[PDB]
Amino acid sequence: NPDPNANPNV
Amino acid sequence: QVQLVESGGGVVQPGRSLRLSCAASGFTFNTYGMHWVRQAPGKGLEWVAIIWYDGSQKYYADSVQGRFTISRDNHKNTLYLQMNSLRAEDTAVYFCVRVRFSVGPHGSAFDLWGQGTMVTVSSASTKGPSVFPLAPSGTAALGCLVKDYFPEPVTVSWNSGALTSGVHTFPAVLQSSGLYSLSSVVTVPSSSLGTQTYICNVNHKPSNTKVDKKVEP
Amino acid sequence: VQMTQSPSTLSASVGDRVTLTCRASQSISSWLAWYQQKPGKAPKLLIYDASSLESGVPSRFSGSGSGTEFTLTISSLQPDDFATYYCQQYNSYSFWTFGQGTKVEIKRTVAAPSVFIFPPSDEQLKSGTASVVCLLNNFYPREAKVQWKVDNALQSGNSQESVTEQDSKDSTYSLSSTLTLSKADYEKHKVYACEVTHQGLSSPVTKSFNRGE
């Protein structure tokens with residue numbers, strides 16, 4: 001269950 | 001400089017598709033997570049979708065899952081929103097949004113927003129307004145009622161622009177018919193009713209409709 | 001997570017310290033941001049991580065709080081700080097949700113509306129519909145009650161209102177209420193009245209006409 005709020009940047 | 005420029009918005013029928021684009025410049029776009037955020041007329045901000053910097057994950061709001069897809073071109077520095085199965089409820093300004101860069105496991109706030117592009121979803125037919133006087137009976141009020149037009153916008157001037165003080169052109173209201181209506185009013189010295197002529201100039205570019213209506217007491 | 005802002009509007013003057021409140025329905029730690037938005041423009045980030053001042057933002061903006069209770073403070077309102085302010089959470093497994101905004105409007109002295117009533121135009125009547133418009137001009141504050149009476153019968157569901165943004169010169173509002181009836185229903189009655197209640201008026205004002213007179 002991945003967190004959609006995790007870091008989306010490089 | 002550092003900017004986001006959206007395009008692709010317009011008026012579209014329900015059930016149809018539309019592709020929004022957002023051109024990024026001035027920063028290393030292919031290292032940022034990016035979002036779409038929307039704002040319905042008169043309402044607050046509502047998140048739409050997120051895409052990771054490398055396209056490897058994407059998430060979507062309940063209302064757009066199965067209908068919208070977010071994508072990016074990391075060589076042209078462009079973000080996309082493919083909008084399918086459009087419905088009236090999708091009417092809104094759409095903003096492309098950059099997430100503030102962060103180190104570590106967590107995402108951050110939204111630090112850069114584009115100007116927005118407006119999507120209007122409606123089955124209404126294009127149609128020019130009917131324009132009716134609001135007749136004046138030590139200050140007098142008069143105006144023009146601009147009724148039953150689609151889509152937005154119209155522009156209203158008074159006396160070809162020579163009349164600006166005291167003019168209030170109200171925001172359009174969307175009627176149950178799906179057509180818009182507004183009124184423009186001006187207050188003038190009631191002693192000037194006979195002496196000055198008052199004409200409202202309505203222009204509805206979507207329908208190439210131009211009306212100049214004289215309002216008399 | 002639902003974000004709730006309070007107050008929904010406040011009235012303030014240049015030079016005032018203003019403090020806005022944001023509440024989260026459950027704890028969001030410090031993953032909270034504040035934005036400013038002006039009409040027709042995109043939002044601008046002010047504060048992130050509940051108390052960090054965003055790069056390039058004026059130092060009069062500050063943020064405080066954690067968990068469920070947050071505030072934004074403008075130490076001294078500048079003339080360009082009248083806008084709507086949104087808070088927004090980005091807590092783990094919580095996606096992104098915004099409060100409904102707090103509008104900071106310009107305070108000024110009370111101004112009672114000028115009230116005008118306009119009967120349907122003869123041109124519109126021939127088309128089978130009657131629009132009756134009530135105009136409230138140049139009033140403050142924005143709170144106003146406008147009731148349509150037709151032969152002393154309170155109307156409901158057949159009118160719509162429009163309000164201007166605060167006027168840049170005199171900081172007042174103007175409002176229109178438009179009552180819409182078929183031609184046939186219009187001709188069924190004689191007296192059409194607009195009744196306006198506003199704090200600048202000691203008693204409600206009613207403006208009316210007799211159909212045809």
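Rule-based calculations on the coordinates, nothing more; no lab input. With ideal geometry, Cβ positions are generated from the backbone for all residues, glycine too; neighbour counts draw on all protein chains shown.
Below are the figures for this structure:
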read-out: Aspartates and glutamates whose Cα lies under 13 Å from that of C:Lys190, excluding same-chain neighbours fewer than 8 positions away; value: C:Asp151, C:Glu213
read-out: Normalised contact order of the stretch C:114-210, rounded percent, pairs of Cα under 8 Å and 6 or more residues apart; value: 34 percent
read-out: Length-normalised contact order for chain C - Cα pairs under 8 Å, 6+ apart - percent; value: 18 percent
read-out: Magnitude of the charge dipole, chain B, Cβ model with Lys/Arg +1 and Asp/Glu -1, debye to 20; value: 280 debye
read-out: Beta bridge orientation in the stretch C:3-106: antiparallel %, DSSP, nearest 5; value: 90 percent
read-out: Convex hull of Cα atoms in the stretch B:3-121, direction-averaged projection (nm²); value: 7.0 nm²
read-out: The stretch B:152-217-the stretch C:96-110 distance, computed between alpha-carbon centres (Å); value: 29 Å
read-out: Percent RCO, i.e. relative contact order, over the stretch C:3-106, from Cα pairs under 8 Å lying at least 6 residues apart; value: 37 percent
read-out: Simple Cβ-charge dipole of the stretch B:65-117, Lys/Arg +1 and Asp/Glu -1, about Cα centre, in debye nearest 20; value: 100 debye
read-out: Charge tally in the Cβ shell below 11 Å around C:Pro39, where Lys, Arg are +1 and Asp, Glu are -1, C:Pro39 excluded; value: +2
read-out: When each of C:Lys41/C:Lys169; B:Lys213/C:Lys38; C:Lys149/C:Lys183; B:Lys43/C:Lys41; C:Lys103/C:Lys169 is checked by Cα-Cα distance, pairs over 23 Å; value: B:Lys213/C:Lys38
read-out: Residue-count net charge about C:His189 - beta-carbon cut-off 11 Å; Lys, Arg +1, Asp, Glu -1; value: +1
read-out: Zone of C:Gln26's modelled label, taken as backbone nitrogen in the stretch C:54-73 under 19 Å from a point 7 Å along Cα→Cβ; value: C:66-70
read-out: Potential extension, C:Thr109-C:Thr206 segment - 0.36 nm per residue separation minus Cα distance; value: 32.6 nm
read-out: Residue mean of other protein chain beta carbons inside 10 Å, C:106-119; value: 2
read-out: For residues of C:41-51, the mean tally of beta carbons on other chains within 10 Å; value: 5
read-out: Label-reachable residues, the stretch B:80-94, where backbone N falls under 12 Å from a point 7 Å from B:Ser17's Cα toward its Cβ; value: B:82-86
read-out: Cα-projected label distance for B:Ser160 with B:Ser123, points at 7 Å along beta-carbon direction, nm; value: 4.4 nm
read-out: Fraction of beta bridges assigned by DSSP in the stretch B:3-121 that are antiparallel (%, nearest 5); value: 95 percent
read-out: In Å, descending, principal axis extents of the Cα set of the protein assembly as shown; value: 75, 48, 41
read-out: Computed [θ] at 222 nm, deg cm²/dmol, the protein assembly as shown (DSSP H ≥ 4; -39,500 (n - 2.57); rounded to nearest 500); value: -500 deg cm²/dmol
